[PDB]
Every structure is written in structure tokens, then in C-alpha cells.
């Protein structure tokens, strides 16, 4: 649906907005596993995902509906919960950004 993909663009703009920048910044671009020295990142995480990829796919018209967009946003959060130990800062940041996503996605007209 054309209407819900327009609402999804709104959610994405909100996730990228300066208001959430303190906990949203680790999700803006792909995890730079080389620069961070995370040698096992692409062994554990088979399907990496981040907000720039979500934005490129939306511009490309890769999502058929809102459900396909949500699956990618949740993949991004799940990768973070799968890779990291529950005590890491990035996990707490993921939880905070997901609460923003889940709320806006639920309130979708």
C-alpha cells in the first residue's frame, strides 16, 4: 500500500532525527567490524542491517508494504541483541530506539 509506505518514511525520518541521536547514532551506518576489530561479526551476523540501508531500500522502492519495512528495522535490533552481551551500552541504546520505532509503528494510521 502507497499510504503505509508514506507513513514508514515518517517513522524512518523520526528514527534519524536529532531528538534520538544519543541512542540512534550506532544504527545510522553499517557496523564497521574492521575498524572496531570485530573479527567474528560477519560470522555471527549473517544479515547485517542499519538505517542507511533501510533508507536506500525505501528510495529504491524495495518494500512492498509496511510489514517488509518493519522486518528490516527489527532485523537491525535483533542483530544487536544477538551479537552483543546484554550489559553493553549499544544494547541499551537499541532498546531505547526500538521503543521509539514500536510506538510509532503501532500508532500507524
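Positions refer to the first chain, counted from 1. Each form is matched to the other, and the largest set of C-alpha atoms that superpose within 1.5 Å is called the rigid core.
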After fitting on the rigid core, which stretch moves more in 7 other deposited structures of this protein, 70-78 or 31-39, going by C-alpha RMS? 31-39
Higher avg CA temperature factor (72-80 vs 31-39, as deposited) belongs to 31-39
Comparing 94-102 with 14-22, where is the mean C-alpha B-factor higher? 14-22
Rank-wise, by C-alpha B-factor, drop residue 62 into the lowest, middle or highest third of its chain. middle
